[PDB]
């Protein structure tokens, strides 16, 4: 409704947004069954992509959570996007509900959007992933440059759920769209569980993130399970980020590791002791080395745009959200057909804490 708007406005939740010629309202936060990242435009609403619960125990989780067989899809380690067509143009929305200047700039490189020309009702939900994205430092192990897009669900304008698995696969085959791997359809029987475990071991051995389970049912329930490798890397990856993150971030990922060790047994999981230790220590050691050398703690990011304008709009966008973290452009040079952007995320508080500690300071 519009009174829903009123309440969400006055109490911050929703915000007006001005970008790409457009004016619209964006729920910066989840509120009374309207999900985060729902975006109210003039002609329509692109609903927020709902949260997928995590299970920590594979067997007991699959058994408790699901009422029917379920599809097992790869969880690709990138960032969520929802793509749609508005007028004769195409827009990519981040999870937070902003129009992504990188993704939108790059759509024609990443995906054939004929599907939207012929089906303008659809919202394509896709993971964008690769070593040269502006949001995350990790990449799937099979993407070694630039970024790739992987469709994983279809939604519709002004509609909250998802096209059945079979309609999703129908549109992916018909329009030859790039997509997340379908591992198959399983159940939580002893035979299903054993095969899913075999998948997760392979995923772990190859550095893949995990899987998303999708119920073959009207309700179409989802859940995700993440490998120990990915949970470890999240710890490591976030060393420089420690002051910005709730403690919960870490005790949640510790629990994930510990519950896997409980599920599979200590004998087969001893190695995680050292590796958990290295996930914390090695990233922090790397933060200290960097501070000795550069007097700054930061991550460097690199990525490519068709248009100079969009690289600048990305630096702007990262700047509005991020705080105590300086987004500092390093380079923007035309390299062939693209503009190559290099920028640093500077962690000002970690920078001040390490310099204070290293110089012999006191902390309470």
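Positions refer to the first chain, counted from 1.
When the C-alpha B-factors of 188 to 196 and 162 to 170 are averaged, 162 to 170 comes out higher.
The mean Cα B-factor in the deposited entry runs higher for 103 to 111 than for the other of 103 to 111 and 205 to 213. Between the residues 14, 341, 346, 354, the entry's highest C-alpha temperature factor is the one at 14. Per the deposited record, 155 carries the highest C-alpha B-factor of all listed residues (155, 177, 276, 284).
Compared with the other modelled residues of the chain, the Cα B-factor recorded for residue 37 ranks in the highest third. Sort the modelled residues of the chain by CA B factor and residue 75 lands in the lowest third. Sort the chain's modelled residues by C-alpha temperature factor and residue 302 lands in the lowest third, per the entry. In this PDB entry, residue 52 carries a Cα temperature factor that places it within the middle third of its chain's modelled residues. When all modelled residues of the chain are sorted by CA temperature factor, residue 87 is found within the highest third.
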